[PDB]
There are 2 protein chains.
Amino acid sequence: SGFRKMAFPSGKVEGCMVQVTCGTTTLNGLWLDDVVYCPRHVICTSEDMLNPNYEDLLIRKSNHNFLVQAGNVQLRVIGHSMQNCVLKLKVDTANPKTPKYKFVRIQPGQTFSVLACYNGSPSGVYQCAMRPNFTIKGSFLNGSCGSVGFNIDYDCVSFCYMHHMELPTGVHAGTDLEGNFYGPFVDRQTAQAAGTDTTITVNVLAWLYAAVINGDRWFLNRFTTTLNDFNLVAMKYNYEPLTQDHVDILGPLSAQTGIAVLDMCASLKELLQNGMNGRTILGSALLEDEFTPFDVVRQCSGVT
Amino acid sequence: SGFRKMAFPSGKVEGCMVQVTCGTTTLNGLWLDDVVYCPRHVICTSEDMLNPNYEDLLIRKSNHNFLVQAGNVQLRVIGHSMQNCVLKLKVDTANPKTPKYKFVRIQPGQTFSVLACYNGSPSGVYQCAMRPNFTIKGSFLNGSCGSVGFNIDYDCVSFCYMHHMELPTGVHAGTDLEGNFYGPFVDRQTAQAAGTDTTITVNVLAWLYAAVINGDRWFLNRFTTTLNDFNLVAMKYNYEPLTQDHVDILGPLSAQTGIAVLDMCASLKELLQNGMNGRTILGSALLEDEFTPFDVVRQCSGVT
Ligand SMILES: Cc1ccncc1NC(=O)C[C@H]1C[C@@H]2C[C@@H]2C1
Ligand SMILES: Cc1ccncc1NC(=O)C[C@H]1C[C@@H]2C[C@@H]2C1
């Protein structure tokens, strides 16, 4: 009973957080095996950040300029390389707390947990979604760079995000663990505007299924619709187009509740056209889009 | 930038979760030092649960009837006692992962993180608040009993909640770590109705301060009010009465933003009387009450 914005247990990721200092800049690093991963902008000063040439800036840096601290102990840096927008610092010791892990580049609409850190130390954990404009609506202050986004499948941590930037609008930008930014963002102190933040339609539908499962049924109507009819409405309300792929992954939720996917789309259509009328769904007065169909199944079944 | 419903890092609590089985019932236990804490209803069968006499039921249980498993290894039970509604199972081994900890009984309106578990294993972490009717709006399925609520002050874990029940309305009831239930609930399969779930006024004000800090200012008005005037409005909208104590703890937020507490109360008053008019505050279309003034300060400053 009850449905909550739930994050993965953060322990496996806490054991990987370290503090990386280069010159006067301190941010977070992710220590897995004998490698520490961090944003390459750790090598920048405030003047460098305007238009930095990272290859040129990295020439003046040696292994001994990167100070890596795990807890209160210093790690010895025996190598350093730049991969896209991340620096990989080879240390002489494998992290004894290295969990089983993968590096995955997620698609927009996918959710993940963020372990927000400062000075290599965790401050908190929350659940995020890669927005369709490739930004994330996080909670990050100066010093949080290098904090990571992840998912967990039983014992394997899939790292998907590393925090790098705060856009002038207060939304966040970052890379996968190979250093490639999500979206068109560049690691530079230049105004970069975000594109349209559309609603993740499949996630809203998954959350309407979670609501039916947990007792909130007022929004269920006597109507049905078609993919094409629904999508005309979704385009009007800046909702992502729904595909047969999205319908397919909603199948187990559709089967559990006995509510066909297209019927739920018609409920969503009326919710878009008429609003909530001062009512709530799962304690929210708006349509929640940061639960994937997989998150709903996991939470509603108790996967550990 | 950005404000999120953030939970504490869960690692220190994950290292304490174990599985407790008694007869055919399996739930979660909290292993701290050489003691495992769990709900006493682990000794009940489905027939016992209607009107259980726990003292009588515990007479038929010996140390060897309580199966405690931490990971894949079995803990030896050398003692067992009942304290209010929790069982304390003395084991022969201190938990090597025991963090620094305290047991605290929280007041309504206070927030905490829940590490939801099944079979001694973590499934996820979310942020909760002890409602003014002493229930929590969690996300718990059968097998989640024994999951705990906690806060963290640097390295010390303050355990405040242990999950015991799901009321017939889908809201949750439980105890502090001394086994005393929050509210009037009893650990029995009897319909127990909850009282009025009032809104935590001080928390809503703290969240309006978080919104001003993060850029959402549309709700700021040209008005002020008094404690007595505000409270007449708060009573009408089932909001908890605001006291000078609540005003005092909002002081650092009032000082940071330069917005007097009574001015913010007048903004809240107009929000209650006029609604949001289809607008949002920190991505919410309703007034969020599960951030304490302390949570806002912590998040907005980056406390780790
Ligand atoms: C100030 C802050 C708050 C939260 N998250 C991140 C930041 N930092 C930045 O955005 C700095 C950017 C500019 C320079 C190339 C690097 C990234
Ligand atoms: C079924 C479920 C789901 C989520 N959280 C808890 C539960 N379990 C119960 O409520 C059983 C109660 C009755 C018996 C005396 C014990 C507590």
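Chain A uses Swiss-Prot numbers throughout; the residues present, in order, are 3264-3567.
Determined by X-ray crystallography, 1.8 Å, according to the entry header.
Note: Cβ is positioned from N, Cα and C throughout, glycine not excepted.
Listed in sequence order, A:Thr3288, A:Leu3290, A:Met3312, A:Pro3315, A:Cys3348, A:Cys3408, A:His3427, A:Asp3450 are the same-chain residues six or more apart from A:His3304 (active site, for 3CL-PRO activity) with CB atoms under 8 A from its CB. Residues annotated as active site, for 3CL-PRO activity in Swiss-Prot, with sequence analysis given as evidence: A:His3304.
Neighbour count (other Cβ atoms within 10 Å of the Cβ, all protein chains): 26 for A:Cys3408 (active site, nucleophile). The active site, nucleophile annotation in Swiss-Prot covers A:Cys3408, and the record cites experimental evidence as its basis.
Annotation source Swiss-Prot lists ubiquitin cross-link at A:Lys3268 (among others). The Cβ of A:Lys3268 (ubiquitin cross-link) lies under 8 Å from the Cβ of A:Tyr3389, A:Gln3390, A:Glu3551, A:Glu3553, A:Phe3554, each of these being in the same chain and 6 or more residues away along the sequence.
The ubiquitin cross-link annotation in Swiss-Prot covers A:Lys3353 (among others). The Cβ of A:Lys3353 (ubiquitin cross-link) lies under 8 Å from the Cβ of A:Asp3297, A:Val3298, A:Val3299, A:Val3340, A:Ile3341, A:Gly3342, A:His3343, A:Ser3344, each of these being in the same chain and 6 or more residues away along the sequence. Following the DSSP three-state reduction, the secondary structure of A:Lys3353 (ubiquitin cross-link) is strand.
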Recorded positions A:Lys3268, A:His3304, A:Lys3353, A:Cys3408: which sit with Cβ under 8 Å of a chain B Cβ?
A:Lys3268
Through the lens of DSSP with three states only, how would you label A:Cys3408 (active site, nucleophile)?
coil
Which of the three DSSP states, helix, strand or coil, fits A:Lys3268 (ubiquitin cross-link)?
coil
List, in residue order, those recorded positions out of A:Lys3268, A:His3304, A:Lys3353 with a Cβ under 6 Å from any atom belonging to ligand 1.
A:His3304
